[PDB]
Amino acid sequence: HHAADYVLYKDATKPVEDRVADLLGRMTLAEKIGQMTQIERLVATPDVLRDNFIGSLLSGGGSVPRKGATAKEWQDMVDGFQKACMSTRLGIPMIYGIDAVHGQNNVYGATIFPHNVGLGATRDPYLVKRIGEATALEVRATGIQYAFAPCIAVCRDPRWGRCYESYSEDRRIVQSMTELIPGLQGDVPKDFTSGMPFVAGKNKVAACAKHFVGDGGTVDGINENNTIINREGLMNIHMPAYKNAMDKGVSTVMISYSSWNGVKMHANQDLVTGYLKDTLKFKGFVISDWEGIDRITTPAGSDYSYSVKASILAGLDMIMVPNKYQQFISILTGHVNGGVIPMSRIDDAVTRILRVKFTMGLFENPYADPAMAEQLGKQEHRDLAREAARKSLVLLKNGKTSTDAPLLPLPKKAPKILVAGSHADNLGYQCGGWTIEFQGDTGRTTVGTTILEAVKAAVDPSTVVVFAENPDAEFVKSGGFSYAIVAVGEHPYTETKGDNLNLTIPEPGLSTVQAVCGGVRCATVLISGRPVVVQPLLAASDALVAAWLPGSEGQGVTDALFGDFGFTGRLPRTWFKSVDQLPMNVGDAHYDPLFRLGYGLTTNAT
């Protein structure tokens, strides 16, 4: 259509499938393999990107241009990489991915939403959709086009370090929370075929349903381990939400480290090609996890040639290398040159990668929009996170006996109150893992309101607020306090570091709750990524709230404590009596919970 030097794949008016086909037919082997290669920003340079025809970059957890970097610094970084890719012969833009899994969480000043287990407690798919919308804007604020979310693991054992990344042990809650997908990407159009990738445009991002499949089902919740369940249980528990993801046009799927009955997902042709592609009709791209291919072997990385062969023949399209791109490209090129991997496979992989890039408008807007920078940490997004935090909270106890006055909601006016505990004035702890750093961190890591700060912003100006992290019993008894709010729980963790067989909170936690509640009526706020041993906390406390990992907006906690809204959260997991019972999920034969899935006390707004 019309000029001397017309190249159909560059024509924005043409159908995506014709663009894909036109570009693919022009590409060399090196240009194809390049598309299939995702590298860390930490090993990327202009020359590396250009000479290897690199298709994608990511920031892994904590991989940032520098500490405290502004939205514009992020855009400049991404643009700098993109300029190199757009200068190749074919000018195929790279897509940049990041784990924006509760906001754009690696970024200083990004709104930090509650983690997924709290979101499950909300039972509010529309809220999650809205969080998807806001997240897309904050990810685009930083120039990034692709979020490795949602995690749709159905966590079947809370000893897993990633249980907080699952919305529920009940697949139906997980399925309902796939509304994150059209949040992040835009609603699919009315026609729409299930399994087609979709992204509305430059104000949205490509999503990623992960980690396919049964990541939530590993033995003793060991991270990356074996999931021993039969096809019926796979299909009934761990699969359904992937089908909802297909219907909502999720653009990519990330493969699990885990194995299904001794077969490594990263080598499972029957599930990746047979099921995801050929039965669910997924037409987006399938990405590996980080060194997921290396982990096919034991030790990991010990026969990387076999790792490339097995993964690529299994039907993986893009490999998150992420560092040793030269070895990956060399080996894969060898396999293709040797006839071990047919061109038809390469062409399928690249066809899917390009389909997503074209569909989302990446060839029309490869560069960042500086006007979107102000989306980062935008106050409306914070008000949304604050709403979500509040809705996430599950009230487990409100009075030690049935005839006690309920403690919550607390009055905003009182002569003097105590705020205590390790988790009362620690933003990093209240955000938990995947915040600023991979494993999360302690202290004031980003912009936010701690519980203490929230309490001070909420109360009557005549209320004197005292903070003591770990006061002794006497201090409390002598203080003249009307009540205390005490906040304790788990430290931040991510992935294998949080695999935990005992599930008890670190001390001082319990000892502080005991010393405070022994002296004055107390509301205990429990910060955790999962159910933890809670009977001793409960026995000491007048009221106790499971606040999960509520994120940057700690006023979501005080909104419910002071009665501006009523508690509405409901457990999205079974609260066990003992780790010796685990796994123990709703619907099991021996089902003996401390608190069943669905439990939650309520209050009315005052």
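A residue's number is simply how far along the shown sequence it sits, counting from 1.
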Between 259-267 and 426-434 (mean CA B-factor, as deposited), the higher: 259-267
Comparing 576-584 with 54-62, the one whose average Cα B-factor in the PDB entry is higher: 576-584
Which of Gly529, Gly361, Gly421, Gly217 ranks first by CA B-factor in the deposited coordinates: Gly217
Deposited CA B-factor, highest of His115, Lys129, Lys83, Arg352: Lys83
Within-chain third of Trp74 by Cα B-factor, per the entry: lowest
For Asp542, the third of its chain into which the C-alpha B factor falls: middle
Cα B factor band for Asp124 (lowest, middle or highest third within the chain): middle
CA B-factor placement of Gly551, once the chain's modelled residues are sorted into thirds: lowest
Lowest, middle or highest third - CA B-factor, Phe148: lowest
